[PDB]
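> Structure below; questions to follow.
There are 2 protein chains.
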Amino acid sequence: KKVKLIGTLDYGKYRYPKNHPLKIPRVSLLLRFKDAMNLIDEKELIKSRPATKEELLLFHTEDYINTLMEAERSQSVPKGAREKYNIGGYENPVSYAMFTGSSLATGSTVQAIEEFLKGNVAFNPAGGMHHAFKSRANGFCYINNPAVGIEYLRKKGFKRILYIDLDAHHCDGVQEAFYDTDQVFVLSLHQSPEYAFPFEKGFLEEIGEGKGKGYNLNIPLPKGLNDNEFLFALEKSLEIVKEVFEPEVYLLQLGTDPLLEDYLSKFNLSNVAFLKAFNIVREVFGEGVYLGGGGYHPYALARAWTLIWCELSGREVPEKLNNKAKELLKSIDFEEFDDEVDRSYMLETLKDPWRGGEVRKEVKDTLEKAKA
Amino acid sequence: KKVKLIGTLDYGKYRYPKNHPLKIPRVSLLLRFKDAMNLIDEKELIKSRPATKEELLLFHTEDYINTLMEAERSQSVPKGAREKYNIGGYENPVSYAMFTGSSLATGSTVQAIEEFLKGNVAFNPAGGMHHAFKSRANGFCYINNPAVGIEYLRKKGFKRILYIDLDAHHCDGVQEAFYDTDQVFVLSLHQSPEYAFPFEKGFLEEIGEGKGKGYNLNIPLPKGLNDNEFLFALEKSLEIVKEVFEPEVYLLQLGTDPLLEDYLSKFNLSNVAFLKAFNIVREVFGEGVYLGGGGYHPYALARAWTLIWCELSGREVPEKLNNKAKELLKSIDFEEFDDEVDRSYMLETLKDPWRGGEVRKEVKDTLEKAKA
Ligand SMILES: CC(/C=C/C(=O)NO)=C\[C@@H](C)C(=O)c1ccc(N(C)C)cc1
Ligand SMILES: CC(/C=C/C(=O)NO)=C\[C@@H](C)C(=O)c1ccc(N(C)C)cc1
Ligand SMILES: [Zn+2]
Ligand SMILES: [Zn+2]
Numbered sequence: 002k003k004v005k006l007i008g009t010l011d012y013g014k015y016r017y018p019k020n021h022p023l024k025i026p027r028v029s030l031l032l033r034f035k036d037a038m039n040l041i042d043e044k045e046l047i048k049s050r051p052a053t054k055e056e057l058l059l060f061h062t063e064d065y066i067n068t069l070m071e072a073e074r075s076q077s078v079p080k081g082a083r084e085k086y087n088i089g090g091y092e093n094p095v096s097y098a099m100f101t102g103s104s105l106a107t108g109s110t111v112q113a114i115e116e117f118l119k120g121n122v123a124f125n126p127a128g129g130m131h132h133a134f135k136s137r138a139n140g141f142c143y144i145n146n147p148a149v150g151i152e153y154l155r156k157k158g159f160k161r162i163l164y165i166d167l168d169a170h171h172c173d174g175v176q177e178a179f180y181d182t183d184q185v186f187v188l189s190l191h192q193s194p195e196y197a198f199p200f201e202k203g204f205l206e207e208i209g210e211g212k213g214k215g216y217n218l219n220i221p222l223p224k225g226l227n228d229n230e231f232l233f234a235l236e237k238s239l240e241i242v243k244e245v246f247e248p249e250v251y252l253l254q255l256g257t258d259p260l261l262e263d264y265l266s267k268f269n270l271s272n273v274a275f276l277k278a279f280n281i282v283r284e285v286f287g288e289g290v291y292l293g294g295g296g297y298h299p300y301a302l303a304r305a306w307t308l309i310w311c312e313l314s315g316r317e318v319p320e321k322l323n324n325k326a327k328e329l330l331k332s333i334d335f336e337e338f339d340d341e342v343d344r345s346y347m348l349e350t351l352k353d354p355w356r357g358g359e360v361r362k363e364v365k366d367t368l369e370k371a372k373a
Numbered sequence: 002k003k004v005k006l007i008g009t010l011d012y013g014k015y016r017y018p019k020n021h022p023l024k025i026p027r028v029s030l031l032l033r034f035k036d037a038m039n040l041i042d043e044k045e046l047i048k049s050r051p052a053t054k055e056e057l058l059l060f061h062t063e064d065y066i067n068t069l070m071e072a073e074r075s076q077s078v079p080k081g082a083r084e085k086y087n088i089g090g091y092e093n094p095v096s097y098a099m100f101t102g103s104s105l106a107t108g109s110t111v112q113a114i115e116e117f118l119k120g121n122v123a124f125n126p127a128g129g130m131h132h133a134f135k136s137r138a139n140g141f142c143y144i145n146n147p148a149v150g151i152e153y154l155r156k157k158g159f160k161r162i163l164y165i166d167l168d169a170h171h172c173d174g175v176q177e178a179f180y181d182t183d184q185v186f187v188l189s190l191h192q193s194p195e196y197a198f199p200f201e202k203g204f205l206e207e208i209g210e211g212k213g214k215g216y217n218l219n220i221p222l223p224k225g226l227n228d229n230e231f232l233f234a235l236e237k238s239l240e241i242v243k244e245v246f247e248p249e250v251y252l253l254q255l256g257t258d259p260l261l262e263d264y265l266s267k268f269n270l271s272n273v274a275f276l277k278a279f280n281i282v283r284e285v286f287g288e289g290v291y292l293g294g295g296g297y298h299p300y301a302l303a304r305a306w307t308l309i310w311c312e313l314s315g316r317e318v319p320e321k322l323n324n325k326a327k328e329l330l331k332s333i334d335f336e337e338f339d340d341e342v343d344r345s346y347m348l349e350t351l352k353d354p355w356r357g358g359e360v361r362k363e364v365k366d367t368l369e370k371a372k373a
């Protein structure tokens, strides 16, 4: 069961516009970072390929896909496309990520799945774009690779697919995609929609409809979440899934935005808790298909996914970043959202300190209701 | 030149949905607060009236207006209206504020203007909904009363109308409405679009087009803005307007969100600086039409607008809140976004301490470029 990483430096050419949270290097950063740390060999790396039109059509509509392609080639928003397809605004702007980048990230998810079928284990850090809908862009996402991947699997004959989303935001796009089917179970932990995007969905009451009733589970969590609360929520919810769904295969979305240093979440988690969560899922369900996800702090993202890669790769996590890695991170076009924060430790060591505390009562009550 | 306040308690029945920033009482709170402080007489209060369909059509389209009305009566989102009119989402949800409340706030702006014509001075705290476009809801706004009011004025024969927006967010809706005309000058101070809503407009380069070229001025400001920086920006930009535009009449939008205690802005201003800004405008352009605006902290909003009302009303600002006022604010359905903040002083005194400091170089450079 070989361990592979799907990616390419090319993503460095498909950044989001100047002020967009996603204009920072991410997967290409991950690759250069690991290389600087000598934590990956060319043999473990699989070059990303674009998704085929056929694969995309497994979930999205022709019209939407064609609009994305036209919008990108003309680098302009086609007539009425802005309101009909939700492209062109500050959220899902025109760029070369809208189709070329997204397609490459989606094709990479299909490759990660192909490796699973071949008996290997793969990680696609560019995937996990969980917000896009069938025919509309949403939350920075143009193409929903998890939805494409899951449909890909169903067509291959799978009837019990599990999707676990650890991203700090609710996977509204994925939830909608399989809300009415019992062949797909969606489990998501995220900041409560009461105070975080998306604000319209992600509540505990949303359990699915029709045959899918009981096959969707949302675990909304409070602000200031600590490592103990996150792992508590994860463990309890996994127990709930285990007792009602026997998955033939599962996908795990690993956005790094739930980390303390990432401003797009009110969660204050550590690297180690993030890794631990990853190992907990594997202890319960074995090996699955691993995807990336939301993450807007370059240092947090690089260190966190490096931990994930070392776990899978079976290699020891070096205590500190070597000088080559420090210069890499320092050379990035970042800038902390908050002037006085002090994140210097991130350029020193890979693993951050544990960030625990007690498990709040509301968190326990939420999991309690969930079990019902 | 009598001083009037346009409003009604009825707004208390048109709150936004449960988790929306605008679900808190606002204008109705203002009214009860002033009454508890004995700072207003029934004679100074003018009951708000709905806008007529004709007044609304001065700016918005029939289709959009009809959609708002239908959406509200059926309390549902009409087919395709969500994407075509941007209603129904978490930003501009279905409620009784979408049309009844909005119409009342817009009619109130027309009344404030009618009082101006009659030689009086009026303040409409419910107005200043500066985000709505001709045919689409935006930024919590369904109807753009400033745009309706300005068009109302043009039809009355005015050819030089000035609009000053002190709300912490850019008036994209108003800017678009008069971007191509020289009969209307729009001046706006706001958080730079680089980090704040709206993110697509509000940049310094947006100076207008066609005959309106040079008749739109945006003053984008940095995070952590202090009182000295705000007044510096205000004074300098006003000088710029004075030298190129001789207004026959002007409207001033007074959203309270730029205050320290309001989480929807990275500005850290004080009550007194807010009032001072108000008096500075009046010192430069005399009496105008005063409107409300964005404001999401009930205590901040009540105290700030009370200062405004006392200024206009010619009455002394009481040092502290009496017990009746304290209980009023305390009885509100609020809850601080941040657990540990300590805003107890807000329930004690009306005026907050000055929040000054030096004027950053970038702020000076921005005004510098603006003058060009
Ligand atoms: C969509 C989203 C998170 C998605 C995610 O990570 N879900 O998985 C966060 C929004 C609310 C946000 O915070 C934001 C901030 C700045 C900005 N500009 C500076 C343009 C545009 C949007
Ligand atoms: C639109 C706006 C302010 C406009 C304003 O004040 N214009 O003058 C602010 C947005 C970005 C925002 O911060 C927000 C926060 C929470 C939320 N829900 C909890 C549903 C919905 C929106
Ligand atoms: Zn996220
Ligand atoms: Zn505002």
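Listed in order, the protein sequences are those of chains U and R. Reading the first sequence from the start, the letters are residues 2 to 373 in this note's numbering. Reading the second sequence from the start, the letters are residues 2 to 373 in this note's numbering. Cβ coordinates follow ideal geometry from the N, Cα and C atoms, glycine included.
(1) Cβ-heavy atom distance between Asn139 of chain R and ligand 1 below 7 Å?
(2) Please state whether the Cβ-Cβ distance between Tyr15 of chain R and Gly102 of chain R is less than 8 Å.
(3) Less than 7 Å between C-beta atoms, sequence neighbours within five positions excluded: which residues of the same chain meet that for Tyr153 of chain R?
(4) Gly213 of chain U CB to nearest chain R CB: under 8 Å?
(5) Please report how far the alpha carbon of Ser266 of chain U lies from the alpha carbon of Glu244 of chain R, in whole angstroms.
(6) Under 8 Å between C-beta atoms, does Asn20 of chain R make it to chain U?
(7) On the DSSP bridge list, what partners appear for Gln254 of chain R?
(8) Would you please state the rounded distance, in angstroms, between the beta carbons of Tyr164 of chain U and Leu252 of chain U? I believe it to be under 8 Å.
(9) In whole angstroms, give me the CA-to-CA distance for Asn20 of chain U and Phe200 of chain R.
(10) Over the uninterrupted beta strand (DSSP E) stretch that includes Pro147 of chain U, give me the two end residues.
(11) Return the CA-CA distance between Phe233 of chain U and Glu240 of chain U, expressed in angstroms with no decimal places.
(12) In chain R, which residues lie with their C-beta within 7 Å of the C-beta of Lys85 of chain U?
(13) Tell me which same chain residues have a C-beta within less than 6 Å of the C-beta of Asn125 of chain U, skipping the five on either side of it?
(14) Which of the three DSSP states is assigned to residue 406 of chain R in this structure?
(15) Looking only at C-alpha atoms, which of R:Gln192, R:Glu249, R:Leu255, R:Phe246 sits nearest to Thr367 of chain R?
(16) By DSSP, does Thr307 of chain R sit in helix, in strand, or in coil?
(17) Scan the stretch 181-209 of chain U for residues whose Cβ lies nearer than 8 Å to a Cβ of chain R and list them as they occur along the chain.
(18) If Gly294 of chain R sits next to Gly129 of chain R, beta carbons under 8 Å apart, how far is it from one beta carbon to the other, in whole angstroms?
(19) For the candidate residues R:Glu247, R:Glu207, R:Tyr216, R:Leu276, whose alpha-carbon lies nearest to that of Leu235 of chain R?
(20) Just reading off the beta strand (DSSP E) that residue 1 of chain R is part of, what are its end residues?
(21) Apply the 10 Å Cβ neighbour rule to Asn139 of chain U and answer buried if 16 or more other Cβ atoms are within range, or exposed otherwise.
(22) Helix, strand or coil: how does DSSP classify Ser238 of chain U here?
(23) Name all residues in chain order for which at least one heavy atom of ligand 3 lies closer than 7 Å to the residue's CB.
(24) At the level of alpha carbons, what is the spacing between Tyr86 of chain R and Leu205 of chain U?
(25) Would you list the one or two residues that DSSP bridges to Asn272 of chain U?
(26) Is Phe124 of chain U helix, strand or coil when you go by DSSP?
(27) Quick one: what's got a C-beta closer than 7 Å to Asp183 of chain R's C-beta in the same chain, skipping five residues either side?
(28) Beta carbons nearer than 8 Å to chain U: which residues of the stretch 87-115 of chain R have them?
(29) Are the beta-carbon atoms of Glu73 of chain R and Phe100 of chain R separated by less than 8 Å?
(30) Candidates R:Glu230, R:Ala303, R:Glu312: which alpha carbon is nearest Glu284 of chain R's?
(31) With H, G and I counted as helix, E and B as strand and the rest as coil, what does DSSP make of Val360 of chain R?
(32) Using the C-alpha atoms, what's the distance from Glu363 of chain U back to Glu247 of chain U?
(33) Pull up the distance between the alpha-carbon of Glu336 of chain R and that of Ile41 of chain R, whole angstroms please.
(34) Indicate whether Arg304 of chain U and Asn324 of chain U have their beta-carbon atoms separated by less than 8 Å.
(35) Can you list, in chain order, the residues of its chain with a C-beta nearer than 6 Å to that of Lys352 of chain R? Leave out the 5 residues immediately preceding and following it.
(36) Keeping to the same chain, check which residues put their C-beta closer than 7 Å to that of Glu341 of chain U; ignore five residues upstream and five downstream.
On the basis of the supplied data:
(1) no
(2) yes
(3) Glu56, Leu59, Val111, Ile114
(4) no
(5) 46 Å
(6) yes
(7) Partner(s): R:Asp166, R:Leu292.
(8) 5 Å
(9) 9 Å
(10) Note, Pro147 of chain U: premise wrong, no beta strand (DSSP E); alpha helix (DSSP H) at 146-156.
(11) 11 Å
(12) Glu84
(13) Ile7, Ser109, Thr110, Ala113, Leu292
(14) No information on residue 406 of chain R is available, as it lies outside the stretch 2 to 373 that chain R covers here.
(15) Nearest option by C-alpha distance: R:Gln192.
(16) helix
(17) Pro194, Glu195, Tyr196, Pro199, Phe200, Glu201
(18) Contact between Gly294 of chain R and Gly129 of chain R holds: their C-beta atoms lie close to 3 Å from each other, under 8 Å.
(19) R:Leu276
(20) Past the edges of chain R, shown from 2 to 373, lies residue 1 of chain R, and the structure says nothing about it.
(21) buried
(22) helix
(23) Here the list is U:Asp168, U:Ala169, U:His170, U:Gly256, U:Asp258, U:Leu265, U:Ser266, U:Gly294, U:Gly295.
(24) If you draw a straight line from the Cα of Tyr86 of chain R to the Cα of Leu205 of chain U, it is about 29 Å long.
(25) Bridge partners of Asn272 of chain U: none, in fact.
(26) Strand at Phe124 of chain U.
(27) Here the set comprises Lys212, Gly213, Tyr216.
(28) Flagged, chain order: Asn87, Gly90, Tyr91.
(29) Taking 8 Å as the cut-off, the beta carbon of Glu73 of chain R is found closer than this to the beta carbon of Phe100 of chain R.
(30) When only C-alpha atoms are compared, the closest one is R:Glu312.
(31) Of the three classes helix, strand and coil, the one that applies to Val360 of chain R here is coil, per DSSP.
(32) Taking C-alpha positions only, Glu247 of chain U is separated from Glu363 of chain U by approximately 29 Å.
(33) Going by the C-alpha atoms only, they are around 28 Å apart.
(34) no
(35) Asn272, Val273
(36) none
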